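Report on one structure; see the data block that follows.
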Amino acid sequence: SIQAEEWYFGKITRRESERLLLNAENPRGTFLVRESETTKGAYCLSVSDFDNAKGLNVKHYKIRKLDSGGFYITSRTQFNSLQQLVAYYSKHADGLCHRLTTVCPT
Ligand SMILES: O=C(O)[C@@H](c1ccccc1)S(=O)(=O)O
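If you read the sequence shown in the entry's author numbering, its first letter stands for residue 1, the second for the next number, and so on.
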């Protein structure tokens, strides 16, 4: 049950995810998973980042889910569940702006 996950914010917009993530108290990797605004069957991983050039900022990554079962941001790296995907990216930055750290406070 992905709806049961505390990091799943459901039906919130890209702008709302940015409002939540752009809080100065959020360290790099603060994140949430929400519905994609324009891709049916897809989710979006929103993550906070911070650097001396941009300061506090937010990146969004589309998560695809196959009818064949797999979940992925890049098709070369798939998972059997969204929970497994989140756990993997909490340990590996790979192409993300930062590894996933803490769930975005509301
Ligand atoms: O449509 C989407 O899933 C989202 C998205 C994610 C990354 C890039 C473009 C669009 S959005 O919900 O932020 O627009």
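Just so you know, even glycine gets a beta-carbon here, dropped at the ideal spot from N, CA and C.
Proximity below 7 Å, CB of residue i to CB of residue j
i, j, result
"residue 21", "residue 48", "yes"
"residue 45", "residue 33", "yes"
"residue 98", "residue 14", "no"
"residue 6", "residue 103", "yes"
"residue 100", "residue 88", "no"
Range covered by the beta strand (DSSP E) that runs through residue i
i, result
"residue 48", "43-51"
"residue 86", "Residue 86 -> not in any beta strand (DSSP E); alpha helix (DSSP H) instead, spanning 82-89."
"residue 56", "55-65"
"residue 32", "31-35"
"residue 10", "8-10"
When the options are compared against residue i, the one with the closest alpha-carbon
i, options, result
"residue 61", "42, 67 and 4", "42"
"residue 76", "40, 3, 95 and 1", "95"
"residue 12", "37, 79 and 80", "37"
Rounded C-alpha distance that separates residue i from residue j
i, j, result
"residue 2", "residue 23", "25 Å"
"residue 65", "residue 9", "17 Å"
"residue 73", "residue 63", "5 Å"
"residue 30", "residue 71", "21 Å"
"residue 82", "residue 67", "14 Å"
"residue 50", "residue 17", "16 Å"
"residue 4", "residue 91", "22 Å"
"residue 85", "residue 105", "21 Å"
"residue 69", "residue 93", "23 Å"
Unbroken alpha helix (DSSP H) run spanning residue i, endpoints
i, result
"residue 18", "14-21"
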